[PDB]
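Reading through the structure tokens given below for one structure.
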Amino acid sequence: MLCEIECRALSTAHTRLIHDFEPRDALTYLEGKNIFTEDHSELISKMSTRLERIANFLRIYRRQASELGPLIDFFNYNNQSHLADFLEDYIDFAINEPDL
Amino acid sequence: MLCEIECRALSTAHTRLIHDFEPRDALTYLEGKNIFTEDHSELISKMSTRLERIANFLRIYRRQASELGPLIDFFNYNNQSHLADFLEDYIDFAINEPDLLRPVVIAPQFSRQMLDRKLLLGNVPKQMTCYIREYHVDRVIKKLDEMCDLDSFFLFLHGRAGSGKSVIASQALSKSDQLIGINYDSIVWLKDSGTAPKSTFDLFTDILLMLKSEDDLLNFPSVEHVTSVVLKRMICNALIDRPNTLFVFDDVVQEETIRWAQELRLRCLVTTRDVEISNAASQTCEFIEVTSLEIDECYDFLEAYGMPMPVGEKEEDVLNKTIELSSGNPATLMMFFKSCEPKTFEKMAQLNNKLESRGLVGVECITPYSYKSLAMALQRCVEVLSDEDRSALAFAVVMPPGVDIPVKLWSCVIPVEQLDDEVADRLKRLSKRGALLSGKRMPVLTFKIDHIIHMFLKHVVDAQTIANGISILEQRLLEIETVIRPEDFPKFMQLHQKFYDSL
Amino acid sequence: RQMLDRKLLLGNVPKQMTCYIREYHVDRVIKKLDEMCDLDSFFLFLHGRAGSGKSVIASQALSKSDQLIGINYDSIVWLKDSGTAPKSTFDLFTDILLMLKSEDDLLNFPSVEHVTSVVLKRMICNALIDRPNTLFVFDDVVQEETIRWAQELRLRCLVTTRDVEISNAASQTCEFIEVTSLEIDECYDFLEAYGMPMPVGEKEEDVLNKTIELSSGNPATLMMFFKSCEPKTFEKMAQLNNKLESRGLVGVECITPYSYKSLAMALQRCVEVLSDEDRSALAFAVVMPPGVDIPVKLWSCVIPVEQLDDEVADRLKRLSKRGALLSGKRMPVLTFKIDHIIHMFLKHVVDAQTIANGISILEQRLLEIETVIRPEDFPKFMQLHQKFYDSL
Ligand SMILES: Nc1ncnc2c1ncn2[C@@H]1O[C@H](COP(=O)(O)OP(=O)(O)OP(=O)(O)O)[C@@H](O)[C@H]1O
Ligand SMILES: Nc1ncnc2c1ncn2[C@@H]1O[C@H](COP(=O)(O)OP(=O)(O)OP(=O)(O)O)[C@@H](O)[C@H]1O
Ligand SMILES: [Mg+2]
Ligand SMILES: [Mg+2]
């Protein structure tokens with residue numbers, strides 16, 4: 001599981017993950033880095049609208065990964081680096097400082 | 001407290017919160033996250049049945065929390081995550097992606113049986129399964145769908161008396177599965193018919209009780225004695241647990257109800273005869289008029305109720321006589337059928353006579369109408385009339401029904417310088433208020449009185465005042481088809497000698 | 001923006017009107033309320049003529065910004081007064097206490113109907129303890145005692161009223177905002193807002209300057225006007241402009257969001273309340289030409305009562321202070337003025353005799369021995385207004 005910091009990030013950067021993103025794009029990269037299951041990708045891969053595939057990707061994801069690595073290491077490769085940069089910036093303004 | 005969205009969710013996801021859940025499980029988690037008290041948990045914790053602990057948890061909760069957060073967390077931790085997931089899905093299809101809530105998270109929730117349950121409890125009557133006025137029931141439902149978004153609004157289903165308005169609301173809330181469940185959560189249908197000044201308060205006494213839980217109808221107090229400011233405050237309070245609740249106000253006569261409906265920020269369907277009650281509301285008022293049944297619709301309506309359709313030419317005419325007399329009126333048409341037992345074209349024509357020599361009383365019968373005959377209804381429409389307007393109407397008997405006729409030709413019989421537009425002003429109020437007359441702007445300002453609206457006055461005004469108005473006309477006679485009567489030829493109302501000699 | 005509506009509804013605040021929102025006023029109301037959320041108790045007087053629109057503005061001033069409710073004040077209590085009886089000032093505060101009462105224990109509501117004033121007052125605040133920053137709109141005060149109670153109860157009050165002097169009851173500082181007659185430009189805006197056709201020709205605008213002159217910027221009667229123009233054509237708009245001269249306000253009386261069929265039903269009261277002697281002064285003003293700035297002495301002629309008639313002026317001030325029936329002006333010279341809405345009513349209401357008697361009573365003193373006021377060399381002839389005098 002993640003936590004409040006790592007899940008607060010997927011939520012804060014949500015206005016953005018709706019305008020440009022797609023869970024189908026990440027399913028192959030995650031069935032791979034060992035964070036999904038062939039029913040998981042089925043469940044998120046057959047969804048009529050994208051806000052469905054997105055809400056299931058963000059629900060399913062928060063349970064499966066030991067951390068928020070294999071999703072920064074993806075928006076990079078997917079030409080959606082303006083995303084993986086925002087999230088890595090957010091994880092840093094908490095990892096390198098003890099005050100909020 | 002929450003709001004209509006957050007409370008509509010606790011209500012939509014209610015079929016579920018009953019099958020698996022328990023308020024005892026959440027009390028500890030909520031005394032904690034700072035929402036309830038040690039009496040709160042006492043009140044919900046000692047309850048014999050769970051539907052009690054549930055209805056108190058959902059009542060008490062909607063008041064206490066600044067938002068719908070902690071509940072999701074609770075459902076998640078409690079291994080009831082199939083719940084906190086449904087509610088978080090619902091809260092998301094509102095803020096970010098609008099519209100999608102009804103097609104996706106609301107439509108599957110539709111349930112006709114629930115509609116019954118919901119219809120019955122909202123005191124909605126049965127609809128006319130036999131004949132359905134296509135056009136109207138449809139357009140009603142449409143304009144209601146357009147507004148479930150709106151926070152408060154008036155829909156005026158206004159028409160003649162017995163013109164069939166109330167039946168259409170029965171059908172418009174009974175056809176689709178959308179209006180109840182999808183667009184609005186609950187229904188409250190209350191018949192007004194208030195004339196006294198205490199009536200507009202008494203109405204809203206029975207709304208509050210239409211709202212109040214099955215529990216505490218026992219505790220119902222002598223609310224009979226308590227100010228208007230309090231019944232009003234008392235309602236809009238018990239109205240928090242009424243998300244997306246619709247209000248049918250079958251038969252409003254007093255514009256004071258409309259004023260209360262707008263102080264109470266209600267969502268209202270309104271059947272009425274007098275349309276001007278809407279001037280009471282400074283607001284989104286939208287209107288649908290129940291017209292006289294078109295000539296083709298009359299046929300459909302007859303066939304639908306086993307009525308024999310014409311063949312010979314003076315048989316379609318026997319039936320055009322009924323349609324002309326009834327002038328496309330649902331209620332008196334129905335009284336006709338119940339009273340044409342023989343069904344013969346013959347006994348159908350017998351009645352066509354009885355109607356000319358006995359007015360509506362010739363066909364008065366036991367009918368689904370609260371009224372033996374349309375005259376019992378119209379009685380009221382006429383009492384309410386401005387004292388001066390009561391006069392104007394009363395003299396309209398002289399005019400031949402079903403004829404488009406000039407304002408000046410009317411200025412002759414109607415009571416009151418040189419410009420008689422005042423006649424027109426009365427005649428407008430007259431069509432606006434029970435749709436007794438009929439306004440028609442060009443080619444030239446002319447009105448017209450139909451037959452049902454006539455044989456009402458025929459057997460109702462002073463037998464003298466008929467003959468006095470006729471003479472008062474023949475005096476102005478001299479003075480100085482698809483074609484309206486010209487000003488070169490008013491001197492002779494004699495065209496209608498036929499329809500005048502029968503006095 | 002969904003919490004407000006909860007708070008507005010429960011504080012019995014009416015619905016919000018948006019079709020026409022008097023910018024200036026709703027703004028200035030909100031402002032002067034923001035300045036005071038700090039204060040412990042205070043009176044805000046939104047005074048104006050009958051149907052001048054005061055009550056509507058309080059509906060809007062508490063409905064536009066969400067600061068007033070939540071940020072500046074925690075809750076709202078909006079109660080309509082309209083009290084005339086001596087039991088009314090107590091009955092008001094009875095409901096006030098009831099309003100304080102929560103939903104719980106509205107069941108237990110006692111026969112509080114019978115209990116002293118000292119106790120409803122002590123009891124009210126007992127409940128008030130659970131109320132922080134609770135504004136109290138008192139829509140339509142016509143009794144000073146209500147204010148007196150408001151100040152014994154150390155309340156925070158918005159107040160709509162017609163008679164401004166009720167504020168002399170409060171020793172505490174009371175700020176004021178006057179709802180004036182709708183300016184000529186605002187009238188246009190108001191008309192357009194409600195589908196009313198704007199002139200394309202001089203005659204057209206003059207037809208419309210006739211309505212604005214008759215209505216004299218009175219929203220309530222203006223509204224009654226609109227509701228009564230089905231054709232709406234500049235033509236039927238001018239038809240009515242006539243009906244107004246030959247039938248007074250009763251020519252356009254209609255079903256309106258106003259509790260009143262016509263402005264005459266309202267003003268009725270404003271006139272009953274009047275000092276018995278002042279009721280007299282007002283009653284004779286009908287003879288005077290409306291929308292004309294005219295000297296005190298020229299008034300001393302029709303008004304009842306040594307050699308200094310300032311007493312006339314004293315009555316005429318009370319007269320503008322108390323329903324804003326008259327107009328006040330200090331220099332160039334002390335002159336008052338009666339508008340048309342305030343006039344047509346009198347024209348079609350006051351004893352048909354007393355009109356003609358005042359006209360003659362003026363002629364007796366008439367002989368005596370434009371952007372210009374009438375000079376003392378030329379009072380002998382009120383004949384300038386023969387036009388607006390022959391129509392009697
Ligand atoms: N669609 C319909 N099918 C069958 N009967 C109808 C229909 N519409 C109207 N009627 C007749 O009218 C009677 C009830 O009329 P309805 O209540 O619909 O009119 P209404 O406009 O409500 O009159 P009111 O305003 O007086 O209530 C029924 O008993 C029936 O006789
Ligand atoms: N901003 C506005 N928009 C639309 N109508 C208005 C407005 N202001 C006033 N009115 C008209 O006046 C009526 C109510 O007037 P309002 O209650 O605002 O005046 P008022 O000063 O409260 O009079 P009173 O002191 O007698 O209560 C409304 O029905 C409407 O016809
Ligand atoms: Mg009915
Ligand atoms: Mg008011």
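For the reader, a short list of remarks on this structure follows.
- Residue in region C:60-80 that is within 9 Å of ligand 2 (Cβ to nearest atom) and in contact with a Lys or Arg (Cβ under 9 Å, 6 or more places away or on another chain) present: yes
For every residue, the table says whether it meets (1) more than 16 Å from ligand 1 (Cβ to nearest atom); (2) over 27 Å from B:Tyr184 (Cβ atoms).
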site: B:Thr272; (1), (2): no, no
site: B:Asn279; (1), (2): yes, no
site: B:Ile288; (1), (2): no, no
site: B:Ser292; (1), (2): no, yes
site: B:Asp296; (1), (2): no, yes
site: B:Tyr299; (1), (2): no, yes
site: B:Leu302; (1), (2): no, yes
site: B:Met307; (1), (2): no, yes
site: B:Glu313; (1), (2): yes, yes
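- Here C:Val271 fits the description: within 22 Å of C:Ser181 (Cβ to Cβ), in contact with a helix residue (DSSP H, G or I) (Cβ under 9 Å, 6 or more places away or on another chain) and more than 14 Å from chain B (Cβ to nearest Cβ).
- Residue in region C:188-199 that is closer than 22 Å to C:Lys54 by Cβ and either more than 12 Å from ligand 2 (Cβ to nearest atom) or of a type in the set (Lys, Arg) (or both) present: yes
Residues checked against (1) within 16 Å of ligand 1 (Cβ to nearest atom); (2) within 14 Å of chain C (Cβ to nearest Cβ); (3) of a type outside the set (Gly, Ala, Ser); (4) under 30 Å from C:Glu235 (Cβ atoms):
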| site | (1), (2), (3), (4) |
| --- | --- |
| B:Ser327 | yes, no, no, no |
| B:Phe337 | yes, no, yes, no |
| B:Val363 | yes, no, yes, no |
| B:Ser370 | yes, no, no, no |
| B:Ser386 | no, yes, no, yes |
| B:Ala394 | no, no, no, no |
| B:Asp404 | no, no, yes, yes |
| B:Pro415 | no, no, yes, yes |
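- None of C:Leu308, C:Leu267, C:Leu298, C:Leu316 is outside any loop (DSSP other than H, G, I, E, B) and over 21 Å from the mean Cα position of the chain (by Cα) except C:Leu298.
- Residues of region B:12-34 satisfying the condition of being surrounded by 16 or more Cβ atoms within 10 Å (Cβ to Cβ) and under 30 Å from B:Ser152 (Cα atoms): B:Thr12, B:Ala13, B:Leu17
- B:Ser278 vs. criteria within 13 Å of chain C (Cβ to nearest Cβ) and within 16 Å of ligand 2 (Cβ to nearest atom): yes
- Criterion: hydrophobic (A, V, I, L, M, F, W, C) and under 15 Å from B:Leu2 (Cα atoms) - qualifying residue of B:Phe93, B:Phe86, B:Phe57, B:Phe75: B:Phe57
- C:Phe43 away from ligand 2 (no atom under 16 Å from the Cβ), under 18 Å from the mean Cα position of the chain (by Cα) and surrounded by 19 or more Cβ atoms within 10 Å (Cβ to Cβ): yes
- Test: residue in region B:438-447 that is small (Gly, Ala, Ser), surrounded by fewer than 19 Cβ atoms within 10 Å (Cβ to Cβ) and away from chain C (no Cβ under 14 Å): yes
- Looking only at residues of region C:222-267 that are under 10 Å from C:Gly51 (Cβ atoms) and of a type in the set (S, T, N, Q), we find that the one that is surrounded by the fewest Cβ atoms within 10 Å (Cβ to Cβ) is C:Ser259.
- Qualifying residue in region C:1-11 (condition: crowded, with 19+ Cβ neighbours inside 10 Å, over 22 Å from C:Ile184 (Cα atoms) and within 21 Å of the chain's Cα centre (by Cα)): no
- Any hit, region B:254-267, residues being within 16 Å of ligand 3 (Cβ to nearest atom) and not polar (S, T, N, Q): no
- Restricting C:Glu144, C:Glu113, C:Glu103 to residues that are surrounded by 13 or more Cβ atoms within 10 Å (Cβ to Cβ) and within 14 Å of chain B (Cβ to nearest Cβ) narrows the list to C:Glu103.
- Whether a residue is of a type outside the set (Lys, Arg) and within 16 Å of ligand 2 (Cβ to nearest atom) was assessed, and B:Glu256 passes this test.
- Residues located in region C:1-20, provided they are touching a helix residue (DSSP H, G or I) at 6+ places or on another chain (Cβ under 7 Å), within 13 Å of C:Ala58 (Cβ to Cβ) and more than 7 Å from chain B (Cβ to nearest Cβ): C:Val13, C:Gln16
For (1) more than 27 Å from B:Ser222 (Cβ to Cβ); (2) within 16 Å of ligand 4 (Cβ to nearest atom); (3) in contact with a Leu (Cβ under 6 Å, 6 or more places away or on another chain), each residue gets a yes or a no:
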residue: C:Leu46; (1), (2), (3): yes, yes, no
residue: C:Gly51; (1), (2), (3): yes, yes, yes
residue: C:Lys54; (1), (2), (3): yes, yes, yes
residue: C:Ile57; (1), (2), (3): yes, yes, no
residue: C:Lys87; (1), (2), (3): no, no, no
residue: C:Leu106; (1), (2), (3): no, no, no
residue: C:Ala127; (1), (2), (3): no, no, yes
residue: C:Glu145; (1), (2), (3): yes, no, no
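- Some residue of region B:53-65 being of a type in the set (A, V, I, L, M), more than 41 Å from the chain's Cα centre (by Cα), within 24 Å of B:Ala238 (Cα to Cα) and away from chain C (no Cβ under 14 Å): no
- Tally of residues being within 16 Å of ligand 1 (Cβ to nearest atom), aliphatic (A, V, I, L, M) and surrounded by fewer than 21 Cβ atoms within 10 Å (Cβ to Cβ) across region B:179-210: 1
- The single condition among (1) within 14 Å of chain B (Cβ to nearest Cβ); (2) in contact with a strand residue (DSSP E or B) (Cβ under 7 Å, 6 or more places away or on another chain) that C:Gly70 does not satisfy is (2).
- Total residues in region B:224-264, condition within 13 Å of chain C (Cβ to nearest Cβ) and part of a helix (DSSP H, G or I): 19
- Neighbours by Cβ (under 9 Å, 6+ apart or cross-chain): first from region C:373-392, charged (D, E, K, R); second assigned to a helix (DSSP H, G or I): C:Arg374/C:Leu298; C:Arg374/C:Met382; C:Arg374/C:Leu384; C:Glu376/C:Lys297; C:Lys380/C:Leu366
- Qualifying positions in region B:477-500 - in a loop (DSSP other than H, G, I, E, B) and either more than 22 Å from B:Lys440 (Cα to Cα) or within 40 Å of the chain's Cα centre (by Cα) (or both): B:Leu477, B:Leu478, B:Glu479, B:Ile480, B:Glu481, B:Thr482, B:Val483, B:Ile484, B:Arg485, B:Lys491, B:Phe492
- For region B:157-176, the set of residues classified as of a type in the set (D, E, K, R), closer than 17 Å to B:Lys126 by Cα and either within 16 Å of ligand 4 (Cβ to nearest atom) or part of a loop (DSSP other than H, G, I, E, B) (or both) consists of B:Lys175 only.
- For B:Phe201, the conditions (1) within 13 Å of chain C (Cβ to nearest Cβ); (2) away from ligand 4 (no atom under 16 Å from the Cβ) are fulfilled apart from (1).
- Flag for C:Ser275 being surrounded by fewer than 18 Cβ atoms within 10 Å (Cβ to Cβ) and of a type in the set (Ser, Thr, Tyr): yes
Ideal geometry is used to build each Cβ from the backbone, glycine not excepted, and the neighbour counts take in all protein chains shown. Where a number appears in this text, it was derived from the coordinates with a stated rule and is not lab data.
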